[PDB]
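Structure first, then comments.
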Amino acid sequence: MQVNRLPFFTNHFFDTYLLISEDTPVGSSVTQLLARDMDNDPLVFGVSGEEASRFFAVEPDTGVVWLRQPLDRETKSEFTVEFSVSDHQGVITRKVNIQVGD
Ligand SMILES: [Ca+2]
């Protein structure tokens with residue numbers, strides 16, 4: 001039988017929230033996704049969801065996440081975004097609460 005463990009995220013924000021200032025410029029990195037694969041398998045990171053993907057771009061290899069559009073606490077003060085990590089055998093997708101700060 002095949003021998004594989006799926007990756008898991010290690011960012012603490014997955015258990016709290018990710019704070020991003022509403023004055024964060026478009027193009028800014030807002031975090032870097034971190035994960036461990038116990039087999040040391042190469043990992044790819046992603047974002048899923050139509051809205052999430054319009055607002056946030058993920059570097060598949062490094063896990064850096066950039067803001068694609070302006071934030072505005074007035075229009076939307078919070079997002080629930082799903083981030084993913086895969087070893088090509090399986091994928092973990094986790095929700096994170098993104099708080100837009102004033
Ligand atoms: Ca693995």
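Scheme for the structure tokens: letters A, B, ... for chains in order shown; per-chain residue numbers from 1; ligand numbers from 1 in order shown.
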Q) Can I get the residues close to ligand 1 as a list in words, where close means within 9 Å and we count only C-alpha atoms and all ligand atoms? A) residues 3, 4, 5, 6, 7, 36, 37, 38, 39, 40, 41, 42, 43, 86, 87, 88, 89 and 90 of chain A
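Residues in contact with residue 93 (chain A) at 12 Å, where only C-alpha atoms are counted and same-chain residues fewer than 3 positions away are skipped, are listed as residues 6, 7, 8, 9, 14, 35, 44, 45, 46, 47, 48, 49, 81, 82, 83, 84, 85, 86, 90 and 96 of chain A.
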Selection export as a PDB file, in the first residue's frame, atoms kept: C-alpha atoms:
ATOM      1  CA  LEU A   6      -1.192  14.653   3.986  1.00  0.00           C
ATOM      2  CA  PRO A   7       0.248  18.104   4.659  1.00  0.00           C
ATOM      3  CA  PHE A   8      -1.137  20.422   7.330  1.00  0.00           C
ATOM      4  CA  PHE A   9      -1.028  24.160   7.825  1.00  0.00           C
ATOM      5  CA  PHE A  14      -6.069  29.511  11.193  1.00  0.00           C
ATOM      6  CA  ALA A  35       2.660  24.008   5.975  1.00  0.00           C
ATOM      7  CA  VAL A  44       1.327  23.600  -3.522  1.00  0.00           C
ATOM      8  CA  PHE A  45      -0.715  26.311  -1.926  1.00  0.00           C
ATOM      9  CA  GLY A  46      -3.969  27.828  -3.141  1.00  0.00           C
ATOM     10  CA  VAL A  47      -7.088  29.802  -2.461  1.00  0.00           C
ATOM     11  CA  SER A  48     -10.560  28.585  -3.277  1.00  0.00           C
ATOM     12  CA  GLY A  49     -13.803  30.430  -3.739  1.00  0.00           C
ATOM     13  CA  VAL A  81     -11.645  32.548   2.834  1.00  0.00           C
ATOM     14  CA  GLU A  82     -10.587  28.975   2.180  1.00  0.00           C
ATOM     15  CA  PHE A  83      -6.872  28.335   1.763  1.00  0.00           C
ATOM     16  CA  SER A  84      -5.547  25.006   0.518  1.00  0.00           C
ATOM     17  CA  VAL A  85      -2.351  22.982   0.674  1.00  0.00           C
ATOM     18  CA  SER A  86      -1.675  19.827  -1.345  1.00  0.00           C
ATOM     19  CA  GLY A  90      -4.477  14.941  -1.062  1.00  0.00           C
ATOM     20  CA  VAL A  96      -9.848  31.540   7.882  1.00  0.00           C
TER      21      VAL A  96
END
Would you kindly return, as a CSV table (one decimal) with N, CA and C atoms, in the first residue's frame, each protein, DNA or RNA residue with an atom no farther than 8 Å from any atom of residue 20 (chain A), considering only C-alpha atoms and excluding same-chain residues fewer than 5 positions away?
chain,number,residue,atom,x,y,z
A,30,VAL,N,0.0,40.0,2.3
A,30,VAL,CA,-0.8,40.1,3.5
A,30,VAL,C,-0.5,38.9,4.5
A,98,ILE,N,-10.9,36.6,7.9
A,98,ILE,CA,-10.0,37.7,7.6
A,98,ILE,C,-10.8,38.9,8.1
A,99,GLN,N,-10.2,39.6,9.1
A,99,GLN,CA,-10.8,40.8,9.6
A,99,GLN,C,-10.1,42.0,8.9
A,100,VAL,N,-11.0,42.9,8.4
A,100,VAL,CA,-10.5,44.2,7.8
A,100,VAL,C,-10.5,45.3,8.8
A,101,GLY,N,-9.3,45.7,9.2
A,101,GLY,CA,-9.1,46.6,10.3
A,101,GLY,C,-9.1,48.1,9.9
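Across the model, the gap from CA of residue 94 (chain A) to CA of residue 1 (chain A) is 27.6 Å.
CA of residue 65 (chain A) sits 5.5 Å away from CA of residue 31 (chain A).
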**Q.** Shell around residue 15 (chain A) at 10 Å using only C-alpha atoms, local window under 5 positions removed, as a PyMOL selection string
**A.** chain A and resi 10+95-97
Using the selection just defined, write its residues with N, CA, C and O atoms as a compact mmCIF listing (two decimals), in the first residue's frame.
# COMPACT_ATOMS: atom_id res chain seq x y z
N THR A 10 0.46 25.30 9.35
CA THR A 10 1.03 25.61 10.67
C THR A 10 0.83 27.06 11.11
O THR A 10 1.16 27.41 12.24
N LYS A 95 -10.86 27.04 6.46
CA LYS A 95 -11.41 28.39 6.51
C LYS A 95 -10.61 29.30 7.43
O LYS A 95 -10.19 28.90 8.53
N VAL A 96 -10.42 30.54 7.00
CA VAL A 96 -9.85 31.54 7.88
C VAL A 96 -10.72 32.77 7.83
O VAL A 96 -11.28 33.13 6.79
N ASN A 97 -10.91 33.38 9.00
CA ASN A 97 -11.62 34.64 9.13
C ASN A 97 -10.61 35.76 8.89
O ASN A 97 -9.61 35.84 9.58
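Closest approach to residue 69 (chain A) among A:26, A:57, A:18, A:52 is made by A:26 (distances from only C-alpha atoms).
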**Q.** Which of region 4-56 of chain A fall in strand (DSSP E), as an NGL selection string
**A.** :A and (8-9 or 18-21 or 29-32 or 35-36 or 44-48 or 56)
Take the residues that were just selected and, keeping N, CA and C atoms, output them as an mmCIF file, in the first residue's frame.
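In the end it all went to part-v1.cif:
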data_model
loop_
_atom_site.group_PDB
_atom_site.id
_atom_site.type_symbol
_atom_site.label_atom_id
_atom_site.label_comp_id
_atom_site.auth_asym_id
_atom_site.auth_seq_id
_atom_site.Cartn_x
_atom_site.Cartn_y
_atom_site.Cartn_z
ATOM 1 N N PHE A 8 -0.270 19.633 6.463
ATOM 2 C CA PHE A 8 -1.137 20.422 7.330
ATOM 3 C C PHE A 8 -0.561 21.816 7.460
ATOM 4 N N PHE A 9 -1.443 22.784 7.626
ATOM 5 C CA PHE A 9 -1.028 24.160 7.825
ATOM 6 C C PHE A 9 -0.478 24.371 9.232
ATOM 7 N N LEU A 18 -6.985 36.407 10.637
ATOM 8 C CA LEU A 18 -5.938 37.160 9.967
ATOM 9 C C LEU A 18 -6.426 38.597 9.910
ATOM 10 N N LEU A 19 -5.650 39.503 10.489
ATOM 11 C CA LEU A 19 -5.969 40.918 10.464
ATOM 12 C C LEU A 19 -5.234 41.565 9.305
ATOM 13 N N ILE A 20 -5.983 42.326 8.522
ATOM 14 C CA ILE A 20 -5.416 43.083 7.413
ATOM 15 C C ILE A 20 -5.989 44.495 7.504
ATOM 16 N N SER A 21 -5.118 45.498 7.595
ATOM 17 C CA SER A 21 -5.564 46.888 7.625
ATOM 18 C C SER A 21 -6.281 47.249 6.324
ATOM 19 N N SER A 29 1.773 41.956 0.084
ATOM 20 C CA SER A 29 1.643 40.642 0.684
ATOM 21 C C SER A 29 0.955 40.813 2.026
ATOM 22 N N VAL A 30 -0.048 39.997 2.283
ATOM 23 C CA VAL A 30 -0.792 40.070 3.543
ATOM 24 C C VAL A 30 -0.461 38.939 4.523
ATOM 25 N N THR A 31 0.115 37.853 4.026
ATOM 26 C CA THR A 31 0.629 36.791 4.882
ATOM 27 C C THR A 31 1.433 35.825 4.024
ATOM 28 N N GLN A 32 1.987 34.802 4.645
ATOM 29 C CA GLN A 32 2.580 33.707 3.910
ATOM 30 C C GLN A 32 2.077 32.434 4.565
ATOM 31 N N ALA A 35 3.155 25.363 5.819
ATOM 32 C CA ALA A 35 2.660 24.008 5.975
ATOM 33 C C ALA A 35 3.812 23.032 6.134
ATOM 34 N N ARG A 36 3.486 21.862 6.679
ATOM 35 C CA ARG A 36 4.455 20.781 6.792
ATOM 36 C C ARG A 36 3.875 19.508 6.198
ATOM 37 N N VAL A 44 1.894 22.451 -2.825
ATOM 38 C CA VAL A 44 1.327 23.600 -3.522
ATOM 39 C C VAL A 44 0.206 24.208 -2.724
ATOM 40 N N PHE A 45 0.218 25.532 -2.672
ATOM 41 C CA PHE A 45 -0.715 26.311 -1.926
ATOM 42 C C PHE A 45 -1.707 26.950 -2.885
ATOM 43 N N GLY A 46 -2.901 27.188 -2.366
ATOM 44 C CA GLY A 46 -3.969 27.828 -3.141
ATOM 45 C C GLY A 46 -5.012 28.510 -2.304
ATOM 46 N N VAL A 47 -5.896 29.197 -3.016
ATOM 47 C CA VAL A 47 -7.088 29.802 -2.461
ATOM 48 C C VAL A 47 -8.257 29.282 -3.265
ATOM 49 N N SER A 48 -9.357 29.010 -2.570
ATOM 50 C CA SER A 48 -10.560 28.585 -3.277
ATOM 51 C C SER A 48 -11.730 29.469 -2.908
ATOM 52 N N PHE A 56 -7.700 37.832 -3.295
ATOM 53 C CA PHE A 56 -6.444 37.305 -2.762
ATOM 54 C C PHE A 56 -5.825 36.376 -3.780
#
